[PDB]
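Read the structure below first, then the notes.
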Amino acid sequence: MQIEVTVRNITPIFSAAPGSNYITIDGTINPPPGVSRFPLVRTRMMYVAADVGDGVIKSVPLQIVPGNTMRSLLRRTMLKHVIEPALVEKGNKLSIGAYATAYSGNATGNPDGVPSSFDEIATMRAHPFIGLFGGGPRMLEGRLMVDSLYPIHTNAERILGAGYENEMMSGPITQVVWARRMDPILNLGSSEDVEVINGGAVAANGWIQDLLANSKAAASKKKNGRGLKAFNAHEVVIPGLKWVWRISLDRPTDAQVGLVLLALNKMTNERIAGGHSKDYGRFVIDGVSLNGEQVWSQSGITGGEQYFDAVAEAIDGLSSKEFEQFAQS
Amino acid sequence: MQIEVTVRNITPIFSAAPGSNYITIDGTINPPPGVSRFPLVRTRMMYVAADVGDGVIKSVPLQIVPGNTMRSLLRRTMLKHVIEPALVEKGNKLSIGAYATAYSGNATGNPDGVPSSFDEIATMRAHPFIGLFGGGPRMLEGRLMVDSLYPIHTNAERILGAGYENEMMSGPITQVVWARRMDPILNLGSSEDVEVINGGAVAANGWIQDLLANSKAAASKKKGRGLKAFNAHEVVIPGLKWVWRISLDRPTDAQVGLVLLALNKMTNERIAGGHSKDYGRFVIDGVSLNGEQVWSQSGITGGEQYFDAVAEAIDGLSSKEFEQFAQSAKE
Amino acid sequence: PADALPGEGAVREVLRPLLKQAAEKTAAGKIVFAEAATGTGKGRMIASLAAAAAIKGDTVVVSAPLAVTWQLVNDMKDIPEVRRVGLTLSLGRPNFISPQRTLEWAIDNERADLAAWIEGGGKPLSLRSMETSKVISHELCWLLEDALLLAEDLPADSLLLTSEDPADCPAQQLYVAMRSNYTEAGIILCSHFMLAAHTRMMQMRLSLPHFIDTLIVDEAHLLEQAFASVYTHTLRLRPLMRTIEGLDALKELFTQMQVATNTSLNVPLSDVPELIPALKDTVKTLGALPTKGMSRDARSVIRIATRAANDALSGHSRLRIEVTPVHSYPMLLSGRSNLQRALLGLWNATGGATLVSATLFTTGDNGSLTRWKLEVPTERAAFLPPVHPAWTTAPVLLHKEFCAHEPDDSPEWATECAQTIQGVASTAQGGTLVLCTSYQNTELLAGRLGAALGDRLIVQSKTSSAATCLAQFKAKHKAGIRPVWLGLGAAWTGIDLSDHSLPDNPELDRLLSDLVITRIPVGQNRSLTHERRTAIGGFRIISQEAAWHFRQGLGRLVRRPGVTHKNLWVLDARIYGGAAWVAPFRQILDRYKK
DNA sequence: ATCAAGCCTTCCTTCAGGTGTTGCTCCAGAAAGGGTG
DNA sequence: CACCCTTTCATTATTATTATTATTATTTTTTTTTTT
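Protein chains in written order, with the deposited numbering: chain C, 1 to 223, 239 to 344; chain D, 1 to 223, 240 to 347; chain L, 4 to 208, 224 to 264, 274 to 287, 292 to 625.
Structure, rendered in structure tokens:
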């Protein structure tokens, strides 16, 4: 069961990467020390072996979203769009470990190895949601596999080996977006602007003299309480790029494919890689190929009616007691 | 609510791009060295995957306003026109840390990683303003999600799906605008002009001798900084059509009503920068609410449930939620 | 087929889901963009969709070309739902013949059957006329094709019914009486151009309902062109100049039109040498002539010329001069390149609509170009997934052989392309159509292939229409020799090259064995609206429309399933070069193999 | 009704070495205890 | 009882960076339709 979801990011992609990355005022990344350098968290990047330009493969950068983020996004879109409304209508509520297994898949329900009987293992893998994301204390195998969101790029051209040379990106993929927080007690200035302050004028001026003393202390330190002014950078993937998304279900039930398809239907109101305030990760689904045949329409998934019927009977049959038996015992 | 707003800038847009850019006198950006170059402050650019030709998909520069920028602008309009008016017609008042939290997200830097209570997170995300801008020292996830300002342009065709193929520009989209910064006492011409300066002619001539001595210093360095600084800055051209996508993940009706009342105060606000040169003035020519066009020239004339919800939530507004939002757990 | 739509049992099984989706989104009020191949039986689907909309109580309008109309009324003749709600056909004036003028011509040219037909009411004689008269329950007298069946060489446009014809003649009485046909039936068939005349007739303020509850448009890709034809008013100078002889200011108007290879294209008022005083003088000298003593067919010429002059008077329309194919006669045109108000007024009067054609989507389901052709509201637009069956490409034979010279209207290309065309004609075991783009390319090919191919060559030119060479091509395939056709214009789009002498057996269909594309059809549309759209979008519109014309030229090969050994050739050297802008013409090319 | 049916040199010169602030912040730990319903 | 909360331990000790490089400029000539 292979699903290939090709999406187009309406807004940029910023999947934050570890490391204290450094950048000059220009675009030079991680400069040698002794120059004025700025903090920077880039997007997630990996070295991929691409057969570009010649017969040999080389380690080229390829900035994507990790598959863990994507599996979580799929899990949460099912939860909020399908599990929340169907479960809420019935009236069922979830415990500590039931919610931890449904939403995090973590073993905090009981943090010891649960011995799971085979009948329980078969019916919870035959259960749609617990089949897709097994885990937690019962340590269950997930039927659902999420590949990471690969952009249609020269660097990913061998990952997308056949059928993706058209509409395929080349050259640079990322761009540094700069963000400055500044002090808004620097941005005041009328008497009408200051009457809303507890203490008013004197309180604002005390903030001013505190900032002055902090600036003199920092200047004498160079030759720990910081202020509000903060100028920083973050490298983001450019918007409009087509990303691929491989969703492989290892011998699924029909309700499982229906659940993934309903998630792909209702996924348009949810976002990728965080960056919520900047509203990064906004996207639109261009296509969905179910085992290679295109099934995505502008208004959802047209076709796969057996998947929709199976998941409809399943979500009519959805109950929190299955979540609790997956959690506690 | 998936709010889409199209605003026509009626003056240039100058959201300055950080960097060290130069320009020659002719107008070539970032020239090879050795030629006489003047500093250029470019507008904000993002690279965008776009359709040049047919399927030759490429990163072109599209000139925008940052989403962080217009997000701050959205916060300031509501804070200036809805929140603080309704906070000072009553006796409520804000501490300086809580003003800093309401404006900058946080009362300071160095945030406490100690998280916040579940009743607290729920009450702040049910708040009209705090659930939109979830800052604080314990870092909330605000439910307001603000797009970058995109010009309705052929390079933004992949960003804007359909419905914007008409009223859509193409080609180069900017203009370099130059500034002179003329030293004022060189304009001085007579004893009548010089009477306000202390000493009159002696101080004026002394600054003249200082300027010529600095000129000899500059000629010595080529082969203390004066007031002649002739430079350039690149703006986005005026009259362009832009799109702005506000997003709200499961909002309270009061919260989208706060967005809509802010949008009402969107007129007579400045987008990007260049406040001396009147850059960033604009007129909204469209607002869509779930794709439904809700903007007339008088105002919104729609979204009425959100309007009465934000009305009821702004007489219910007080400073207690703001103060317990700004209160730091370590402090 | 449980819970069936009416007439879906005669619908092919491949398009059954497209019917269900089109009916669902049309009943929801959206304007459906539906794309389906030529041999898939789209007429049955129009029949099913109009029937299922008709039993809801909807006033349903089906807009289609007049050749498609007979098939369409046949697909919706015998299903019982439209038998209950009724089906009627709406026609304008140029569907009727003038009885007195054709009488005078039949006496003059000694045509006994035409004269015996008109003496006695002009009763319907062709089979299509009588069965459509039975379906409408109006006797379709005085129609053109009954006149053309008795005399094919009649000067139609001289005998075409005009608005100036007297009220006592039976043809204008029949047309005016049948103008109320939409009252007495639930489904009304009409042309694209009748619907566009309705839309302008609603813009000005009967022919069709003021609100169409469900509108289905067959052959959708022509509908926009229909609006571009009805909002364009043309002044023809030579017929007027001959009519007044039977003013000097219009002679000066022609002399002033001389001074302004692009001659006043897409320019509303930026050139006025003496155009507007000559236009006002033309208006006053043509409108003040005495109507008493003016001939009943001459006042029509005066009125169409004054309507063109008054359309150019407003300054809200563009201007463009053109010449005739016959000679360099002066043509003045006031067309319009922005059709948003008219098409918006059309889609306001439509509750739900179905976008139907073989050619609607650029890539995949992308109908944003065609939504931008007919100004469909995006809140109401819906671009349904197309059908593209395997059997449209399975009998197709793709050859790697081509002409290495690119076509730049050079002699060297024409000799090399003629050599390749001779090779194709030698390996042909049936009819061959090569499709050239330009008249110059066709003339060059003709001079290189006429003596080489003898009688087999057919050329289409200024003096040879596409329909004449159609009947010629069918005549040569009837005679057993293998014809070669140097076709362009309408030979690209809208020609049925399938044998109707072989209805039940498509396996032996051999009218078109070889289809050859000599050049990628770039720049083949130069209408005002499309030139404006090119000016907005850039080369994306041109490459898009070139791909559309390329797929319409490639659609001539397969018209029904069951055919075999169909040869496709492309000889443009940009197909086999590494250039990027010709990349879309690869992927349609990628749907064939070997 | 036609000729004469434009000639020459002008074809730039200074001033404009931009400078200030931003140069990051959190957390990613599980015990074992005591006061609760 | 299950849960929910508050505070103890360690002492490490330099710290390379991806030196990749970053903003465009291409066609081209039909002749339809069946409305007032």
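Backbone N, C-alpha and C fix where the C-beta goes; we use that ideal spot for every residue, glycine too.
Does the beta carbon of residue i come closer than 7 Å to any beta carbon on chain C?
i	result
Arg125/D	no
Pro416/L	yes
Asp147/D	yes
Should residue i be flagged as near chain D, meaning a C-beta pair shorter than 7 Å?
i	result
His291/C	yes
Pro615/L	yes
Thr409/L	yes
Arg181/C	yes
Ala611/L	yes
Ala203/C	yes
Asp210/C	no
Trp378/L	no
Between residue i and chain L, is the shortest Cβ-Cβ distance under 7 Å, so that the two count as touching?
i	result
residue 238/D	Between 223 and 240, chain D has no modelled residues, and residue 238/D is one of the positions in that gap.
residue 230/D	Since the model of chain D includes 223 and then 240 but nothing between them, residue 230/D has no atomic positions to report.
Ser304/C	no
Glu4/D	no
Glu165/D	yes
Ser190/C	no
What residue range does the beta strand (DSSP E) around residue i cover?
i	result
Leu211/C	Not the beta strand (DSSP E): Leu211/C falls in the alpha helix (DSSP H), residues 200-222.
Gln63/C	58-63
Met362/L	362-365
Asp231/L	230-235
Cutting at 8 Å between CB atoms, please list the residues of its own chain near residue i, excluding the five before and the five after it.
i	result
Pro31/D	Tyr22, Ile23, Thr24, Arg37
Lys58/D	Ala49, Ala50, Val52
If you measure between the beta carbons of residue i and residue j, is that distance less than 7 Å?
i	j	result
residue 3/L	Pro227/L	Residue 3/L cannot be examined here, being either before or after the span of chain L that is shown, 4 to 625.
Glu250/C	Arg42/C	yes
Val387/L	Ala238/L	yes
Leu296/L	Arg351/L	yes
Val275/D	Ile262/D	yes
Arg550/L	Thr424/L	no
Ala188/L	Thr72/L	no
Since I believe residue j is in contact with residue i (beta carbons under 8 Å), could you give me their beta-carbon distance rounded to a whole number of angstroms?
i	j	result
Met124/D	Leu140/D	6 Å
residue 693/L	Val418/L	Examination of residue 693/L is not possible in this model, given that chain L is present from 4 through 625 alone.
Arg479/L	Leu546/L	The Cβ separation is near 20 Å, so there is no contact.
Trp258/D	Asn9/D	7 Å
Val17/L	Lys28/L	With a Cβ gap of about 19 Å, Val17/L and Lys28/L do not count as contacting.
What are the boundary residues of the alpha helix (DSSP H) that includes residue i?
i	result
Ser247/L	241-248
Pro4/L	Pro4/L -> no alpha helix (DSSP H), and no H or E assigned at all.
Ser292/C	Segment: none, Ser292/C is in no alpha helix (DSSP H) and carries neither H nor E.
residue 231/D	Here chain D is numbered 223 followed immediately by 240, so the structure offers no position for residue 231/D.
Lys281/C	269-281
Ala498/L	497-509
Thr69/C	67-78
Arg479/L	470-484
Take residue i and list the residues in its own chain whose beta-carbon comes closer than 6 Å to its own, dropping the five residues that flank it on each side.
i	result
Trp516/L	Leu464, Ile489, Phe504
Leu152/L	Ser129
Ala107/D	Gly97, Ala100, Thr101, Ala342
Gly105/D	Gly135
Considering only residues of the same chain and omitting the five flanking positions on each side of residue i, which have a CB-CB separation below 7 Å?
i	result
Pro115/C	none
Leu186/C	none
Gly376/L	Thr202, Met205, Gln206
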